[PDB]
Amino acid sequence: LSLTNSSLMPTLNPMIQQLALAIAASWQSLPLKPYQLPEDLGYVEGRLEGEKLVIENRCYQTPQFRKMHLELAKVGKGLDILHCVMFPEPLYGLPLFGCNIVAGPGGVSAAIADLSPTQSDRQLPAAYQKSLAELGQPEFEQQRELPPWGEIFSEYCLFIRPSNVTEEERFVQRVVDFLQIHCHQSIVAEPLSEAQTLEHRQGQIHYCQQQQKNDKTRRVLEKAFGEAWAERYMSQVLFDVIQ
Ligand SMILES: C=CC1=C(C)/C(=C/c2[nH]c(/C=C3N=C(/C=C4\NC(=O)C(C)=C4C=C)C(C)=C\3CCC(=O)O)c(CCC(=O)O)c2C)NC1=O
């Protein structure tokens, strides 16, 4: 979790570096245990006919979080990516924390973050709604509309092109705020009924199936590793459907 040994970190976009550090700091003092990705994946690289893609993976678990996945990637020299999801244990009914930053030579092109619902009514639990509303509406100059598969995201979802350093920092601070709310709610969550656990499991399955429709991720993976590898990676490593 200490990113001091990361090969990629020193070379990544500064907003990605700050967000990676914030996520790792959020996790550092939790009751962590390792989570073994398929084939005990850590670092991987690939190339076909174009640029090489390099990926670093860290993954943990706690009693409240089934799988806490932080991934850093770089395609060639330009394109830097941070991907993070905390997949909840359905027993506790917590939402899904996720974020993705994509950056190039010209700066950050996409910054997305959310606490995504798992309830059948598509709403965050009441305590989250309350705490999130109290943060206020953040202002960003260049909002982006989610694609249709993004119906999975809550009304608090951020999806922007940051306009300047102030907005980069405002976005990272809001992600820190989401993490602080999420970690707090994890300590007050009670184990739920079997019917409720089942409901939350279904919401998490749906979230993964929709995230797998994102061709932006798929094309990056395919250009470096090919179709079969990308399908395995998206369905088994990034967005595994629990069952
Ligand atoms: C191997 C990892 C990985 C790769 C290769 C990746 C690539 C990637 N994600 C993208 C968009 C995006 N990514 C997301 C969202 C997310 N994506 C996530 O994996 C998570 C957890 C969320 C949200 C919490 C959305 C909503 C878009 C825009 C999709 C589009 O414009 O159609 C883009 C386009 C950026 C842009 O338009 O400016 C790329 C290249 N994202 C990844 O995470």
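All heavy atoms count here, side chains included; hydrogens, waters and symmetry mates do not. In what follows, residues are counted from 1 in the order of the sequence shown. Start at 1 and go down the list; that is how both ligands and their atoms are numbered.
When heavy-atom distances to ligand 1 are checked against a 4.0 Å cut-off, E71 comes that close only through its side chain, counted from C-beta outward. Residue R219 does not touch ligand 1, judged by heavy-atom distances below 4.0 Å. Residue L79 does not touch ligand 1, judged by heavy-atom distances below 4.0 Å.
Using bins of under 30°, 30° to 60° and over 60° for the plane-to-plane angle, the ring pair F65/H182 lands in the tilted bin.
In this structure, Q211 has a heavy atom closer than 4.0 Å to ligand 1. Within the 4.0 Å heavy-atom cutoff, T217 counts among the residues contacting ligand 1. At a 4.0 Å cut-off, not a single heavy atom of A73 sits close enough to ligand 1 to count as contact.
When only non-hydrogen protein atoms are considered, atom 5 (C) of ligand 1 lies nearest to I81 CD1, 3.5 Å. Scanning the protein heavy atoms around atom 37 (O) of ligand 1, the nearest turns out to be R144 NH2, 2.8 Å. Considering only non-hydrogen protein atoms, atom 32 (O) of ligand 1 sits nearest to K216 NZ, 3.1 Å. What sits closest to atom 41 (N) of ligand 1 on the protein, heavy atoms only, is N100 OD1, 3.0 Å.
Of the candidates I152, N57, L146, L238, it is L146 that places a heavy atom closest to atom 26 (C) of ligand 1. The residue among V102, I112, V108 with a heavy atom at the shortest distance from atom 14 (C) of ligand 1 is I112. The heavy atom nearest to atom 28 (C) of ligand 1, out of those in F239, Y207, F159, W149, is found in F159. The closest heavy-atom contact to atom 38 (O) of ligand 1, among the options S109, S116, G98, comes from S109.
Ligand 1 places these atoms under 4.0 Å from at least one heavy atom of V220: 5 (C), 40 (C). Every atom of ligand 1 with a heavy atom of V85 under 4.0 Å away is listed here by number and element: 21 (C). In the vicinity of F153, heavy-atom distances shorter than 4.0 Å reach the ligand 1 atoms 23 (C), 24 (C). Set against the non-hydrogen atoms of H83, the atoms of ligand 1 under 4.0 Å away are 18 (C), 19 (O), 21 (C), 43 (O). Ligand-side atoms of ligand 1 in range of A110: 35 (C), 36 (C), 38 (O), range being under 4.0 angstrom from any heavy atom.
Two rings, from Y128 and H184, have their centers 6.0 Å or more apart.
Between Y43 and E45, the closest side-chain pair of non-hydrogen atoms falls below 4.5 Å.
Pairing each heavy atom of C208 with each of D240, the nearest pair is SG-O, 3.3 Å.
Partners of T166 by side-chain contact (heavy atoms from CB on, under 4.5 Å), not counting sequence neighbours, listed by chain and number: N164, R170. Shown here are the salt bridge (charged side-chain N to carboxylate O under 4.0 Å, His left out) partners of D177, two or more places apart in sequence or in another chain: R174.
Annotation: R144, atom CZ; neighbour count of heavy atoms from other residues, nucleotides and ligands within 6.0 Å is above 12.
Within the model, atoms CD1 of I81 and CD1 of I101 stand 11.0 Å from one another, a figure rounded to the nearest 0.5 Å.
With hydrogens and angles left out, the side-chain atoms of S6 and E56 include a donor and acceptor closer than 3.5 Å. Side-chain polar atoms of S163 and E141 form a donor-acceptor pair below 3.5 angstrom.
The residues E39 and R232 are annotated as salt-bridged, a charged nitrogen and a carboxylate oxygen being separated by less than 4.0 angstrom.
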Checklist entry - Would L30 and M68 satisfy side-chain contact (heavy atoms from CB on, under 4.5 Å), going step by step from the backbone distance to the final call? => result CA-CA 11 Å; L30 296 179; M68 303 160 62; 3.8 Å; yes
